[PDB]
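Chemist:
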Amino acid sequence: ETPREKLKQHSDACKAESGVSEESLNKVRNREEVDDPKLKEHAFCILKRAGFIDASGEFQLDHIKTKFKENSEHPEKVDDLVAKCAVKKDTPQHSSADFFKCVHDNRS
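For the sequence shown, position 5 (counting from the first letter as 1) is numbered 5 according to the authors' numbering, and the numbering increases by one without interruption.
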């Protein structure tokens, strides 16, 4: 009668292709360079569940800005970072990674 992580939960099929296994994501912490597919792929799986972008490819900064605002201790650059980092690309899963990347290595 123990709750198994498998079966339930989401991203069940996101682990198939997006099998980054938190490998490439780790390298993101370091300001060097990263270009992994599973990274951008997996991220898109979270963007949808997060309630940011819709399955029909549609950015929603009105919700992103709010989320990035609360719990941050530095509300002021998010607004610009959102619109600036929310570059509408040819695909949603693409721009998705940009949202979970641009607002991290904003030093250089």
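Note that the Cβ used here is the ideal one computed from N, Cα and C, for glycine as well.
Between the stretch 94 to 105 and the stretch 39 to 57, can you find at least three pairs of beta-carbon atoms closer than 8 Å?
Modeler: yes
Chemist: Please report the Cβ distance between residue 92 and residue 57, rounded to the nearest whole angstrom; I am assuming they are in contact, meaning their Cβ atoms lie under 8 Å.
Modeler: 4 Å
Chemist: Taking residue 18 as part of the alpha helix (DSSP H), name the residues at either end of that continuous run.
Modeler: Segment: none, residue 18 is in no alpha helix (DSSP H) and carries neither H nor E.
Chemist: So, helix, strand or coil for residue 33, using DSSP?
Modeler: In the structure shown, residue 33 sits in coil (DSSP, three-state: anything other than H, G, I, E or B).
Chemist: Looking only at its own chain, which residues have a Cβ that is under 8 Å from the Cβ of residue 69, when we skip the five neighbours before and after it?
Modeler: If you ignore the 5 residues before and after residue 69, its C-beta comes within less than 8 Å of the C-beta of 75, 78, all in its own chain and listed in chain order.
Chemist: What is the DSSP secondary structure of residue 55, reduced to helix, strand or coil?
Modeler: Note: residue 55 maps to coil in three-state DSSP.
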